[PDB]
Each structure stands twice: as C-alpha cells, then as structure tokens.
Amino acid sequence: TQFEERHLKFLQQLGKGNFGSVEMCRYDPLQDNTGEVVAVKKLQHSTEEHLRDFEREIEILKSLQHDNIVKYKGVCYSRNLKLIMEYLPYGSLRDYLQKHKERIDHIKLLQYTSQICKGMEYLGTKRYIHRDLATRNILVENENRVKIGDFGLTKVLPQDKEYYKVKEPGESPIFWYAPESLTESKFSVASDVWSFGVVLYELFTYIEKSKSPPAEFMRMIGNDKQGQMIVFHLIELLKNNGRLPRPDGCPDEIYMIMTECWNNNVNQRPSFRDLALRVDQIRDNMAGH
C-alpha cells in the first residue's frame, strides 16, 4: 500500500480533471522491467484545501471493494501525495464507445448500464454521493466489464440528512446536474440517479458530437446565451419539462428509464436497485433469456 516514488517509472499522461491528473506508470522496484503498470492520480496544483479533499477521496476509494469500482492499490508520499490505482487498458467508456460504435450493440450497452447501476448501488450502501456520473468517468477493464473510475467529487452524506449541499468553485458539469443541484447545490442518491439517466442517454447516442448533452441543451436554450445566463436558462428549461430527446435507434423502454431518472420530483426518481432489475429484465427479453 506504500509505493516509493523512486520506483514509479512514468509511461504516459492518461487524462486531466479540473484539479487532479492521471498518468500511466510502471512500478518497477527491481528495475528489471517486470513491475506492474499502475494508474497514478496526482494534484495538478498542490494547495491545502485540494490536499485535504484528495486525502478524503483516497479514504473513500480505499473503503470501496466492488467489481465495478476501480481498485485502490496504495499511496505515494514524496506532501506530494499520489493515489495508486489498478491500470485499466481500454480507457474511458466515452472513448471506447466512440471507437467501437459499429461493433457495440444495445444488449452490450445494457450490460455496461447494469454494471454502472450495481457499482452505484454499492456507493449508496456506504452513503457516498458520486456527484460526477458521466461516461468520461467510467473506465473499461475489458469488452465485458466497466468500472466507476474516479471519485474526485464524491461526498459522504451527513448521518442525519439524505442530501449534501456543496458549491465547488470553478466550472461544474451542469448538463449532467439534477435541477435541485443547479438551484440549491443539493446532492443526493436521487441527483446521482438523474446523472445516471444522462449517462444512459450518452451511451445510446454512441457519443455523437452533435448529440452530446451540452450540444442538445445549448440548442434548446439558444447558442446566443452568455455564461451565468446558461445556468438560469437551463433551470427554466428543466422546470418546464424540457428534456434531452430520445437518441436515434433508442427503444422506447430505454428512453422511458431515462425520462423517469429525469423527474423534477426528487422522491419520484427510481432507485439504483430498481434500475438494475429493469435493465436486466430488458437485457433478458432482448436475449430471449
């Protein structure tokens, strides 16, 4: 669980977040090129508030053990703190889907969807709120397995409440946000369910650039909208039951799941356990199982 900086050989940059970056490394203590390849998350810019947040994120990941959650491997202290995770060779589900569009069918999208629901239900049992469900944050271990791959915005619910209020400074993923997250900064299992519906939408659009949630919402709101004005126009649109359209080729039963996740009434959104049952039932119908 304690990795020595000196044995961590840099291979490539994998991606960036707003404050955290991820790189591919080989942990080679024997310096004989037999060490395993790991993914290393570091703070792009070190500050004390970012350091405290990152220590909480490390503790959250360490506490999670599930097939559909990226594995915690350890830490690296140089504090230039680094989070060591297992390396997943197919990258983000966002990039994977976009390269294999023509080879990934609806039943395979539902296999991925089911795994996301199971990983999310597991978070819910620990009273953790992901706050950043998007296909860019899901990683592909193989053609049959996806995992929730980052927990940078994850919050633990207070003992006495079912929501957590936060307003993080600097650019939020508003087109994946539930209305109450936009208006009141309220994050809960139900706002994760709202974001899950957006992930389901993303999947069935096969990550078509023109069909992205920012592109569809900006179209509906007007491309002439300022910056702070976009949020207010998005709030109004959602309030008046403006929703993302049914993606091309999407079955009605799948779009129905999306629209039910997108209920303005927090209490009326399905649970992750019910989402998984519905998705598995549809998968079975499609397979004749």
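In this text, residue numbers run from 1 along the sequence as written. Whichever C-alpha set is largest while still superposing within 1.5 Å between the two forms counts as the rigid core.
A.B. asks: Taking RMS over all structures and residues, which stretch has CA atoms farther from the shown form in 7 other deposited structures of this protein, 22-30 or 259-267, after a rigid core fit?
C.D. replies: With the rigid core superposed, the C-alphas that lie farther in 7 other deposited structures of this protein are those of 22-30.
A.B. asks: Taking C-alpha RMS after core alignment, which stretch differs more from the shown form in 7 other deposited structures of this protein: 100-108, or 215-223?
C.D. replies: Looking at 215-223 and 100-108 in 7 other deposited structures of this protein, the bigger mover is 100-108.
A.B. asks: Given that the flanking residues are present, does residue 168 go without coordinates in at least a third of the other entries of this protein?
C.D. replies: Yes, residue 168 lacks coordinates in at least a third of the other entries compared.
A.B. asks: So residue 78 and residue 79 are neighbours in the shown sequence, but is anything from the deposited sequence left out between them? Give the count as none, 1 to 3, 4 to 9, or 10 or more.
C.D. replies: Gap between residue 78 and residue 79: 1 to 3 residues without coordinates.
A.B. asks: Which is higher on mean Cα B factor in this entry, 48-56 or 241-249?
C.D. replies: Per the PDB entry, the higher value belongs to 48-56.
A.B. asks: Looking at the entry, does 216-224 or 254-262 show the higher mean C-alpha B-factor?
C.D. replies: Mean CA B-factor is higher for 216-224.
A.B. asks: Using only the C-alpha B-factors in the record, can you name which of 150, 171, 192, 202 has the highest?
C.D. replies: Comparing C-alpha B-factors across 150, 171, 192, 202, the maximum falls on 171.
A.B. asks: Return the residue from 102, 95, 141, 180 that has the highest Cα B-factor in the entry.
C.D. replies: The C-alpha B-factor peaks, among 102, 95, 141, 180, at 102.
A.B. asks: Which third of the chain holds residue 188 when residues are ordered by C-alpha B factor: lowest, middle or highest?
C.D. replies: For residue 188, the deposited C-alpha B-factor lands in the lowest third.
A.B. asks: Name the third of the chain's ranked CA B-factors that contains residue 167, choosing lowest, middle or highest.
C.D. replies: Highest third, going by the recorded CA B-factors of the chain.
A.B. asks: When the modelled residues of the chain are sorted by Cα temperature factor, does residue 66 land in the lowest, middle or highest third?
C.D. replies: Answer is lowest: the recorded C-alpha B-factor places it there.
A.B. asks: Lowest, middle or highest third: where is residue 273 by C-alpha B factor in its chain?
C.D. replies: Lowest third.
A.B. asks: Could you say whether, by C-alpha temperature factor, residue 233 belongs to the lowest, middle or highest third of its chain?
C.D. replies: Highest third, going by the recorded CA B-factors of the chain.
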